[PDB]
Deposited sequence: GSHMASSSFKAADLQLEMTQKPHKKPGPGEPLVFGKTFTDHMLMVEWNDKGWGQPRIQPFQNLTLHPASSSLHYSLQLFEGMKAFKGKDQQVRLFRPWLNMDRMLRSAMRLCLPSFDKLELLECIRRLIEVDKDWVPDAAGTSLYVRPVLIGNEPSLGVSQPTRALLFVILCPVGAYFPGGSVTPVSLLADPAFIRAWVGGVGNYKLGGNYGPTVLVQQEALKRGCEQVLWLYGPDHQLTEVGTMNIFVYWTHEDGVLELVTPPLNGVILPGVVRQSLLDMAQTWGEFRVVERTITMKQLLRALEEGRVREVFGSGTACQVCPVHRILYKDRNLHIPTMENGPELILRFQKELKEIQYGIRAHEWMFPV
């Protein structure tokens, strides 16, 4: 397996630049002037290219639409005061993208070439990256199969493309969650730990049920012991005093039903570095949370992920009865600290190797 090369980039600037949006942006609805595109076939990878944001033209038998040979990434770029733009830990997104590619028998590529191409693309649309407090550029790489045939097999054609959305988003607002064991997001030996499109379509109906029932997100439970796995599209963390009397930050381990989040890892890294309390990757059950809540040992429950960064939870609707989560009562101190450090790093206030300059 060869790889496309960033040296071979082909650039084509738009003939009529689009009018940028300070006003209300909906997430993922406004895109920039350009996009990256690379084609793969039996002759390997073609030359990458930046081109005006434009429609895909696909054979109607394309395996991307019949058998979900499709995977994506999500990461952010932040514009610092000094008008410099930085990507947050992009190497980890490239790492995960490649593992996802392998799981779906899609073509391998060089993580650094893709990153260089993405850098080049963001450079070209530098000015779309906003700089108002708490804003960023969302980067959405995608790799889809494109075999024009109905056989369920390893494709001999593929498209890799990348589009960009400017986004907005410090009054951290807590959410309520529906926790219903009938809905299972992922299973051991499945593909829940890869960022494949097939993992997301089925959750749309589940999220609608959570809205009809007065909740804002889904808390995905797993196992007959009802383990807390994820919140919506976010990893979940619990800050509590554990059954053994020790203050800790816990998140479920990567046993196959958890998507390894970049924010998740970064929160673990940060907490470990501070050395101020126990940081552990351990299974969390509803039984354990209820008991900890009845003994007042829970301080904060929250989600982590690129879009929200850190999202507090204040209520869980479980077994038809509502559980209050005292997250906001506790500051939320941990949440606020995490947000501030990430913000200082992301907007270049503290220099840090996690940031990748555009």
Sequence ranges absent from the coordinates, based on the deposited chain and numbered from 1: 1-5, 27-28, 177-180
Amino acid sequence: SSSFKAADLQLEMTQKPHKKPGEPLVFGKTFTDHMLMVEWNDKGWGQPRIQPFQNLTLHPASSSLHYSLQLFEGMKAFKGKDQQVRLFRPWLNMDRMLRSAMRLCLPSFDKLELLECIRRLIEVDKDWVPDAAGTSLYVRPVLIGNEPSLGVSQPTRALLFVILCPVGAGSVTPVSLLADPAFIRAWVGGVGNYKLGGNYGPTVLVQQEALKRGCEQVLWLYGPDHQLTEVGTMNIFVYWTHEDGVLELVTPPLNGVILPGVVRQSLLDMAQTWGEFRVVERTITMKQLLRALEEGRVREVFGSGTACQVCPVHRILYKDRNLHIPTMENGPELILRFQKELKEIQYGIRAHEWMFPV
From here on, numbers count along this sequence of modelled residues.
Coordinates absent for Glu341 in a third or more of other entries: no
Unresolved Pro24 in a third or more of other entries flanked by modelled residues: no
Stretch exceeding the other in mean C-alpha B-factor - 4-12, 348-356: 4-12
Stretch with the higher entry mean CA B-factor, where the candidates are 76-84 and 250-258: 76-84
Out of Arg213, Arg89, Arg140, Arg103, residue topping the C-alpha B-factor column of the entry: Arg213
Residue selected from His66, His59, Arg315, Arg291 by maximal Cα B factor: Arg291
CA B-factor ranking of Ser304, expressed as a third of its chain: lowest
Third of the chain, ranked by Cα B-factor, where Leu342 sits: lowest
Where the record places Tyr200 (Cα B-factor, split into thirds across the chain): lowest
Assigned third (lowest, middle, highest) for the C-alpha B factor of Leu36: lowest
CA B-factor ranking of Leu25, expressed as a third of its chain: highest
